[PDB]
Amino acid sequence: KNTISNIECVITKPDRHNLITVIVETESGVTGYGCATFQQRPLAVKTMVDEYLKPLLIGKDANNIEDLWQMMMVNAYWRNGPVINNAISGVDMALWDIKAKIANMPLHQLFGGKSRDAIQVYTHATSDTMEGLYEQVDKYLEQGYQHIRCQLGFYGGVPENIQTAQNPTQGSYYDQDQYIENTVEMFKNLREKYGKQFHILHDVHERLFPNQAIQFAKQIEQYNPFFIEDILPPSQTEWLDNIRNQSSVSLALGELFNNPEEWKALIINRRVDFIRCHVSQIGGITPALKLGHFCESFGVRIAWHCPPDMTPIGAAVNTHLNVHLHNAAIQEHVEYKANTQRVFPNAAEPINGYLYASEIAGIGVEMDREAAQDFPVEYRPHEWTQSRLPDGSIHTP
Amino acid sequence: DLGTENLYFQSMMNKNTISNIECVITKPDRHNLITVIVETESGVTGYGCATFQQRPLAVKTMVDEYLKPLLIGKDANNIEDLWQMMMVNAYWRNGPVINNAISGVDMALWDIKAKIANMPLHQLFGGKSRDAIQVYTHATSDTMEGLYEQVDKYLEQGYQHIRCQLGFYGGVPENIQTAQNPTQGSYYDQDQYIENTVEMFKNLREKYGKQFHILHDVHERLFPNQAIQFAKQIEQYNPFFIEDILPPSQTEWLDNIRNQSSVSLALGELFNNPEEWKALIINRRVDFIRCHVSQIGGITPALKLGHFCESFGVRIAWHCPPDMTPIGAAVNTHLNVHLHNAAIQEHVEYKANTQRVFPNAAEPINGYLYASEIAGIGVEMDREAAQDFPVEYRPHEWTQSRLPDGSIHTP
Amino acid sequence: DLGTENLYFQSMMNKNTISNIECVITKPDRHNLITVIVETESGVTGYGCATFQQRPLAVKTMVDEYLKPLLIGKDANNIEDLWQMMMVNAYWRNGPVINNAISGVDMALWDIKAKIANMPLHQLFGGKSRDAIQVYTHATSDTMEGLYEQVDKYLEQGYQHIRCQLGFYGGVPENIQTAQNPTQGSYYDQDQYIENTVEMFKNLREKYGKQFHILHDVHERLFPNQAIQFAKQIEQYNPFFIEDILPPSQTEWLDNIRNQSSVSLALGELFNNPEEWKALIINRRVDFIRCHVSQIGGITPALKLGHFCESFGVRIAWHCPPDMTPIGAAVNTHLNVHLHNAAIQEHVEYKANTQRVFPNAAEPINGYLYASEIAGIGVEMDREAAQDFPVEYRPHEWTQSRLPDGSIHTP
Amino acid sequence: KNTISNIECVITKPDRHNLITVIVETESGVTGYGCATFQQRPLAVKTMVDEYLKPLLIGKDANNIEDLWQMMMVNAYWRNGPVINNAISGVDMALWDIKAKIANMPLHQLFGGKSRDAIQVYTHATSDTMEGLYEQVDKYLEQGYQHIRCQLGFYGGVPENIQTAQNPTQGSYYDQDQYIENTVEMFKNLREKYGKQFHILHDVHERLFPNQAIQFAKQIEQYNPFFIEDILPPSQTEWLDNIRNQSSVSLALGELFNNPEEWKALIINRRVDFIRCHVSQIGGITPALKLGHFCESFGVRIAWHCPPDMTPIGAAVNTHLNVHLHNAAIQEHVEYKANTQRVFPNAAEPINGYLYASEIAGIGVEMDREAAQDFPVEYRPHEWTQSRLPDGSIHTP
Amino acid sequence: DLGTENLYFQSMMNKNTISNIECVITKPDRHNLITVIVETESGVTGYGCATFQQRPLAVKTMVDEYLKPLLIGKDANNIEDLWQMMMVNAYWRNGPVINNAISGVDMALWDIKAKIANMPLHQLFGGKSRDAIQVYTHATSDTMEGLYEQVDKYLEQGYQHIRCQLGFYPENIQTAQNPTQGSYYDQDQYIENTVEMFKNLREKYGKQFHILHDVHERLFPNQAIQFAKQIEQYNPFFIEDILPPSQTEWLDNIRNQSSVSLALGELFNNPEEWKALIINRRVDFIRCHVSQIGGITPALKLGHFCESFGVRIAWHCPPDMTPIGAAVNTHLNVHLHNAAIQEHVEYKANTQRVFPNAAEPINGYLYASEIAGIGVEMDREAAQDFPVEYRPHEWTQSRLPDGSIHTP
Ligand SMILES: [Cl-]
Ligand SMILES: [Cl-]
Ligand SMILES: [Cl-]
Ligand SMILES: [Cl-]
Ligand SMILES: [Cl-]
Ligand SMILES: [Cl-]
Ligand SMILES: [Cl-]
Ligand SMILES: [Cl-]
Ligand SMILES: [Cl-]
Ligand SMILES: [Cl-]
Ligand SMILES: [Cl-]
Ligand SMILES: [Cl-]
Ligand SMILES: [Cl-]
Ligand SMILES: [Cl-]
Ligand SMILES: [Mg+2]
Ligand SMILES: [Mg+2]
Ligand SMILES: [Mg+2]
Ligand SMILES: [Mg+2]
Ligand SMILES: [Mg+2]
Ligand code: NA
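What follows is the structure, encoded as structure tokens:
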């Protein structure tokens, strides 16, 4: 019986992103750390943890993670969504951290142990020129990456070479046909230069309307991308059937999900090959395990969302999940910077294309509380989310 | 092109630039209520409901820290752009906290547009498609006789529809066989609830026959096999609707019910993601949609959802609980007299403190709620009154709903 | 209840009683155009489009003899009730004659409401969700070079989308192997049409590459096996859309296409019954809905259909042919800047006679149509100008479309 | 080769209804008569015939009914709907009348002859009291009817015993629950008094919302009605699946149809037992034959709509169709009055529960042109179509 | 009741009582043909086609021993009732022998009705919806140059559609040691010859004419699917009988991934064979042999059923059919709006003698007869110079290299 004695939520911005950590203290003296990172609205997550989860949780038994999760999820009656789920996730991860520490085992060992030696990793190559891409690709290949997500061009900002209306509404503009043309050209160039040296990934980032997605799938399937990610927004995934009926292209989707109705039909109908959920968005380790299991039955594999806007605690959690879950496929990775490494010591980095799970007791990564205070929250507008098409229409960003 | 430039100039002339956004939490009676206020350079002020009573400070953080700096300086006229833009602004989206904050703004923008048009809100929409909306109220008691007393009172007031509940479900497990040291929570027994409710319907029909329409809210208390059995048990009593017979995540089990029972079904007060309702409606799994307008992001998506339902022949009974501002209720009445497929409006009487903070809140008359006829929504918040009643923490222990073995059930 | 009585009194005060209904047919240029005019006691006049060019006198009989005595004395404010009531008023319903007559009234009532609100029509709806709508125009010629000439002209004007057609299809069967004494009609050969069109796409892409979006209207010329083959033949050329690849009665054959071709599809200009579009959209058989707004009964059902399409991710390209008043076109532009899922507006230049009868008709500027910014729809009919151009009988011989063996095909 | 020399459209109102007849003259001297009756909008039908069908048709070969039908149907480009279809129907029926006359055969013999001796008939018993119903039922039983459509109560007019809003909008009001209660009570009374002496039919006339229709189906299925008609409006027939899945009630629908999309899914999915199309509403004899054939394949039977608002020419056409089409089931009938019999001589009336097809050349019933002029068109508002529910909402009438 | 009896008198005065039923098998040329003749008290005689060439004595037995005593005395006017009655008369129903026998009577009854009406058959139906029906003919050879020679001839005659078959030139196939007797073929060789045939024709003639090809149920489903993808680029007007009637659900696998135009149904004699096929749009043309489904009466209904689903009609018109049957199909083809094309093979002189006035295509079109009735009858004295003769039809014992029977 391990009574929860305190709950804290710290927002820290060591580098580019507002990061959110939840800290759970227990009377047994064991402390857990969890990721609650919803970078766009961090003060709302912190309010949720401080004003609501904390008085709910203090005095309750930390051992019973499953009950505390089921209870937390329905506690406000209305449920699901990014603010509640991230707050819960931070607590849930911290609770698993504590249980693993008390067991004196690495997190993935609690789960049932390894089903692979380490998880393969992909990184990001992004440039406004092919030469910029080549330079980044060559570097990553030298470091031993076998999977690289490639993007030609940047899409947003002022509408310079775009035929807008005469007085366009303020926003971040792009042209879907330009994006398609550039991306197809990128794939053609890369295959001509590198052949089958590495797996090419690409993130469509819900930029397209359904008919454009179906066309794009047909234009790039010959290049056998390891996956094409978020080819459609979450509200339109039924359109995937048109693609699956006539194209061999490998698809990944789901980083935006925070309600189970978003993924069930998707997986039951085998509309994607990889699920890309952001663990903290779906409510933490507890539901991530069940989702991995649900996918496994249908033969869908796992590529959890691992963006720079996530703590290294969250990344370590994902690696524990990835070496355990038999249907885990690959882990997204972006290099950490000095400030972030200082606030979150011992964060693992890929080695020759692989990320290895921590082997000490717990998640294996905590937050240095003193170092975090050197980097308070800082407001950012995130102007790219005001994504507009040439006619001035908002499109899903 | 000069002509095009002139047309834009003319657009700028009729602009209503947002000058301020505020979020007030107020608790005049039992519930923490949330109002968003939007001011414009033209001096026209809008009021909207952002009420998520269980997490009000999170909604207020959302409005104050994020929606405000996003919206100041923008043209209030273009509600549709502002809604589409607000909905995706955090990238991750949907959910009760963001949707309520957005609803508060959306409703206030519609209020502003209607005031500038000098019309009641429903007239902006396209006008009335009914004279007024029928209303149901709530009768709840731990005895059948206590229920009859409340029923008799409402029938005398002219209500023709009453949501009836026999028994109270929650609290300490007094007459429930739990494990030896039950986990702290609000306990109930599903079988006792089913038994009490079936008996309630039987007794009401014996006593009142066809005098009034009987509604009942299952409130996601049941597992699917219990739901299917219950539908067969009470279908003979022809409820006007049986509400939330299953939680949002299990609505595919409604097919089993629709295939074998004639029972009339309502669902959806918990929805805050469109994936929750699309399959539900497309497959005609319910007869009434019950969404909470602020939970789905305001008037803008409510109109669309109304129209979507209408094509499938599904009707509308928006959620109108005590935990909603009278502003939200007035908005619902405007939507209800306008949308042709609206069916009925839930109502609970306002207490004096609430009436003080929100003057002119409409009450049903002979079983009908009438839409406001002055410009705008027609109901505002008294800001000075509101501040006498600041937010106050409530745990809402009923949401820790436990079954006899100590497990959580959807509350 | 006195308070309720006062509220009704207040409703009566803001009433706009219909005082007159008129229907004018006018033919300033090539087409018989139809405008409905609605007057109110308040002195506010509305204008709407009721254009069914092939049967204008039937539409006028419908307005003058039936809708007029039905509507005089009724409150114009309640567009939604008036629409629901008009739609069922003859018992039998739907169809091009009744829908157009109703559309004329519905659009004029919306015009009146917007004028009384002192807002542009799109602002009544909820405001803009785009700055302006993109526009495509028509290029048609019997030679590839003649097509390039028209294309070059439109590209210079800033169009980014052009509907292209190579060859003309109809008239006497000059180079067609018919039976010995072919029945009188407008003859064409499906295979020659397919061959010409495929070559047209190939040549345009070779000449212009990705410079502009290519549209093409199949105009229900084909049998389903021809449609499926054609989709596979031109999908590589990525048309912006292929329009009416099948007649309305054969759209289930679109599944065969959707399952094997990436081709972008548009359909629906012929619809005047909701059963024609529901399955189409629910099953995502097209990418753009193409309904003719007056054919489906006006702005009121157009808004609903827009919203319905939006939930399924289907976008909107309302039919905007020469046989429609500039009033109808302005209405379409208002719907297009408002509805978030609107995609593009078809446009053909107005001739001087037409401009005289309908002053202030908007023209595209650099490939965009901008919504009017004055109160109302923004475009009216000049009644004195209109009468210089009375109805004139036209047979429309192209609708007697025959295949080489002499059989009728959907025209 | 039989050239069309003239086309005329006469509206006549010998009794209660504006009736519409189309007359086609041919150079061979043979004259055809057809029904185009859309009683609510007769001047629009007449305009359509006079101003559009006539100049299209004069000079064309009357023999080729199939081509003339296909051609007429698409002639305005936009198509289907009650005004165009009724005008076409009048011409189509008149063309078949001419062909039968030239063949010197009764219409049904042209078709392929009889597949039954005569068609069974039902009539209408309607009263605001049960005693009124009993009196009408007893009469019809005595005349040898074995099928009677029964209705208790009248639904419309001023809202006397209805709880409306305080100032209800002008219209024709009814209460759906009152209607259901009365109708169930009617069935119970009739079965108690008459047992299985006759088949009971009832017309719901689209008065109900879907959940009310499903309930009503369950409340009356025990009474084994011969059919329940129009239990739902045409836009909601997909709801019939809920009924068909759980109720044995026999259903009829379709009098409102004037677009084939309205009936195809209905019949393919066996959602009704009888189709009730109004022949002139679907465009005449030509499409009625095809529809009968289409239904036959699916096992759906035919009860063509035969209301008082139809010429006796139209009724005779329906009897010719009914003795020919093997899946025809029953013919609705209402007695003709003196004025109507004068304008349309020799109209057949049921005999001992049966209607017999005409046996002279042609349809067998024509219009007396002189007698029709004594009864010009007269405007009627048809106020019942402004049908409102207690809250003042329009409902499908 | 008086008025009803008076109606019953007028009907009686117009009744046309069947007085005799006859069935003649005749073999003027290559095929045993079957004609039913119905006589009436009117003195009006009708002729119909009952041709099931492989089993003609069974059909004749069916007519002479069973339909004849059933029909004598009954009113010929009521074709619909007599059809419904005949179809269920042996309780067990459907099938090629019963349906052909019934078809002969049915067509003959329509012939009589049209003669009494003094109208061409198609005019009874409601008249023309086209001027004439386009025609395809048969080009068959064991060499490409033989094919070219026939194609060139037909093109000069004005045909725009040609069914092309390139056959083999079990002596060259790898069978087992002592192959069971039968008519052997190799599916892979057939597929290869056919693909190369299409390729050559398009190379040589481009889009000069529409190419049709009859697979004649020779393939397994995986081979049918492959073949569809192999020839779809050549845009055949239709590929006929790509699968046997029992395996048509496999057509979905084709429809989901190929644009190939398909026709099927000449083998059908039971409605259950075509309903799902049409409801699910699994073919583009229905190919039913009219006498196999039981005559004009059900052909009219089937055409209407097809029309609703957008399926078009190409009735089976082989050489093993009377010219009476062919004329009936042309009447059906000029009337039904969804009729597409009529198969035709040239009549030889003996057949012309037995069936005078049989129409031939003119410039790629067949014109419906314009006299009263079907327009073609059998000359009974000439028919008896050509009595039935037994033929084994050894091609129906169709075997694969391993000795297995395959659908022929
Ligand atoms: Cl930023
Ligand atoms: Cl755009
Ligand atoms: Cl109080
Ligand atoms: Cl509480
Ligand atoms: Cl509580
Ligand atoms: Cl339990
Ligand atoms: Cl000009
Ligand atoms: Cl013309
Ligand atoms: Cl023309
Ligand atoms: Cl043709
Ligand atoms: Cl009346
Ligand atoms: Cl009501
Ligand atoms: Cl010869
Ligand atoms: Cl042989
Ligand atoms: Mg991504
Ligand atoms: Mg509830
Ligand atoms: Mg078009
Ligand atoms: Mg009826
Ligand atoms: Mg064959
Ligand atoms: Na496919």
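Residue numbers (the numbering used here), protein chains in the order written: chain F, 15 to 411; chain Y, 4 to 414; chain H, 4 to 414; chain U, 15 to 411; chain E, 1259 to 1666. For each residue, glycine too, the CB sits at the ideal point set by N, CA and C.
Next on the checklist: Using 8 Å as the cut-off, can you tell me whether the stretch 1559-1574 of chain E makes contact with the stretch 298-315 of chain U, which would need three or more C-beta pairs spanning the two stretches below that distance?
Outcome noted: yes
Checklist entry - Hey, would you say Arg290 of chain F sits closer than 9 Å to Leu267 of chain F, going by beta carbons? => result yes
Next on the checklist: Using the three-state DSSP reduction, which class does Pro227 of chain Y fall into: helix, strand or coil?
Outcome noted: helix
Next on the checklist: Residues around ligand 19, please: the ones whose beta-carbon is closer than 7 Å to some heavy atom of it, in chain order.
Outcome noted: E:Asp1472, E:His1474, E:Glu1498, E:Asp1499, E:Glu1524, E:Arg1545 and E:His1574
Checklist entry - Using the beta-carbon of each residue, which ones in chain H are nearer than 7 Å to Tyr157 of chain Y? => result The contacting residues do not exist; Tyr157 of chain Y stays about 16 Å from chain H at best.
Next on the checklist: Let me see if you follow: with CB-CB separation under 9 Å, is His343 of chain H close to chain F or not?
Outcome noted: yes
Next on the checklist: Extract the residue ranges of the alpha helix (DSSP H) inside the stretch 1538-1598 of chain E, only unbroken runs of 4 or more that lie entirely within it.
Outcome noted: 1548-1551, 1554-1567 and 1581-1593
Checklist entry - Are any of the Cβ atoms in chain H nearer than 9 Å to that of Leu403 of chain F? => result Yes, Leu403 of chain F lies at the interface with chain H (some Cβ there is under 9 Å from its Cβ).
Next on the checklist: Relative to the C-alpha of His122 of chain U, which candidate in U:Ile377, U:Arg383 and U:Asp382 has its C-alpha closest?
Outcome noted: U:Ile377
Next on the checklist: Judging by CA-CA distance, which residue of E:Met1579, E:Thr1665, E:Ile1620 and E:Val1586 is the nearest neighbour of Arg1288 of chain E?
Outcome noted: The residue with the shortest Cα to Cα distance from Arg1288 of chain E is E:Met1579.
Checklist entry - Comparing the C-beta of residue 1 of chain H with each C-beta of chain U, is any distance below 9 Å? => result With chain H covering only 4 through 414, there is no way to say anything about residue 1 of chain H.
Next on the checklist: Can you pull out the residues from the stretch 36-62 of chain Y whose beta carbon lies closer than 8 Å to at least one beta carbon of chain F?
Outcome noted: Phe55, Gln57, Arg58, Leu60 and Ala61
Next on the checklist: At a CB distance below 8 Å, what residues from the stretch 222-241 of chain H approach chain E? Give them in sequence order.
Outcome noted: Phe226, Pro227, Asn228, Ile231, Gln232, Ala234 and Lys235
Checklist entry - Using a C-beta cutoff of 9 Å, does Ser410 of chain H count as contacting chain E? => result yes
Next on the checklist: Looking at the secondary structure, which residues open and close the alpha helix (DSSP H) in which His122 of chain F lies?
Outcome noted: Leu121 to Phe125
Next on the checklist: Going by DSSP in three states, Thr43 of chain Y sits in which element: helix, strand or coil?
Outcome noted: strand
Item to check | is_contact[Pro96 of chain F, chain Y] using C-beta, thresh 9 Å | outcome: With its beta carbon less than 9 Å from one in chain Y, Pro96 of chain F belongs to the interface.
Checklist entry - Grouping DSSP H, G and I as helix and E and B as strand, with all else coil, what is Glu1604 of chain E? => result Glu1604 of chain E carries a coil assignment under DSSP once its states are collapsed to helix, strand and coil.
Next on the checklist: I'd like to know whether the C-beta of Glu373 of chain U is nearer than 9 Å to at least one C-beta of chain E.
Outcome noted: yes
Checklist entry - What does a CB cutoff of less than 7 Å around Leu273 of chain Y pick up in its chain, not counting 5 residues either side in sequence? => result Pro251
Checklist entry - Exposed or buried, which one is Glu397 of chain F when buried takes at least 16 other CB atoms within 10 Å? => result exposed
Checklist entry - What are the boundary residues of the beta strand (DSSP E) that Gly51 of chain Y is part of? => result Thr48 to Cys52
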